[PDB]
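Only one chain is given next, in structure tokens, and it is the form deposited in one PDB entry.
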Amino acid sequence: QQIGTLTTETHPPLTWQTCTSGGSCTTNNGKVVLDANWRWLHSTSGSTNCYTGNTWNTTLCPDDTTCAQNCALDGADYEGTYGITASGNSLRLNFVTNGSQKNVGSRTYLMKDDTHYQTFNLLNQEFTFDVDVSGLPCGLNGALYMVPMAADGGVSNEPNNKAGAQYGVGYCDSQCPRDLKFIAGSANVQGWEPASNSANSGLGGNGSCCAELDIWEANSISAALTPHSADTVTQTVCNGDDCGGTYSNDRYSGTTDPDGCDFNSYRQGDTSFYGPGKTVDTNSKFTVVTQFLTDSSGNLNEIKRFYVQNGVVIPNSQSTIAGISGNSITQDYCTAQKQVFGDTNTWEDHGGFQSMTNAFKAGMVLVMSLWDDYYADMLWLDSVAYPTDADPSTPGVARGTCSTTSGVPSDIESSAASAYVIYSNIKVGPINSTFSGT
């Protein structure tokens, strides 16, 4: 994709902190950038759209290469168009913004400078942040996570990609998404079909695969921490159903792990721990600490979770499912959890902990998003039963308090139009350097 010249692209400033062993922390001057899929895409020769709503202009885009040559991503009005506002160390994302047009959700990335994403290697470190999910009802997902996207957005070896990280280009994740308009420096017009339900999306012939660390996927009802492995941890391109993942006809046939090794306190049998008025009270802001412990050789072997709220340091809840003990993500837990729930261990199949270790060494980009789910209505995160026809007596089926008919986008984009999430006070450093409490 080309650089559009009709609207200035200004990345909203966002501060975050780096801490060292002593507990002392310094402030970084970061910036946020909107993912390329949300942007206006128009001709390099004027204002004619290359894409509108769910449909490509086939004169401007008769093939994937020519499209990339002809089409430019332009600047975004973060607050007015997308409901994205950054102030100090705080990033707020609104679910629905009714400006001149209707916008639903957003996906943003943390930048080091105006043409490079910030990268993280969190091995033997912790990533910590505050969040307010009180405005997130059933069906919403405020996600804060990491993927090994190229720091420059792909420009160094993609001749038709000039827009790069400056315009939020380069997304990949563990579902090998095919809804991306631009993948590895080519458009995705070939094979494109508009979505059956979503006015503003579709799927193309190719998908964008990489490893994915879902540090945080949550609403006011439930939360999940889920690493996902991949054969090759950085971006690879796939075609059609061989991609695997959500919109494939054969979910587990690809080169990535679409399910991950998840820890949702509710799914692990504790319904009293996280939610409204619970031990982690989603009525109020709380701190989320995620620690990445290593073996003697520097490979990842455990992800621990702590919360801080109202001054109290709260350990992660123990899994109470018979055969699945502990409160952290380890190889023992992942093995046990997949065996006991009867889920396919694609986490292990694509390299597991060694894969995530490789992902961190390659460098992870921080992603902060808010979305609804046209595929499964976020029932995997918050439903009384997923699948909706499964027996709630069977361990692993129940994930939250939401009904099996909750979270339908056409419903919630109206009924939850005021929904939002606020991520704030990001801190990174050695284990136990980023937080304190009783």
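All residue numbers are counted from 1 along the displayed sequence. For the two forms, the rigid core is made up of the largest set of C-alpha atoms that agree within 1.5 Å on superposition.
The discussion below concerns the form deposited in another entry, not included here.
Measuring CA movement between this form and the one not shown with the rigid core aligned, the set 121, 344, 330, 200 has one residue at 2 Å or more: 200. When the rigid core is held fixed, the Cα atom of residue 430 travels less than 2 angstroms between this form and the one not shown.
After superposition on the rigid core, displacement of the C-alpha of residue 13 between this form and the one not shown stays below 2 Å. The pair residue 97 and residue 198 is at least 3 angstroms farther apart at the CA level in the other form than in the present model.
Distance between the C-alpha atoms of residue 244 and residue 199: shorter by at least 3 Å in the other form than in the displayed form.
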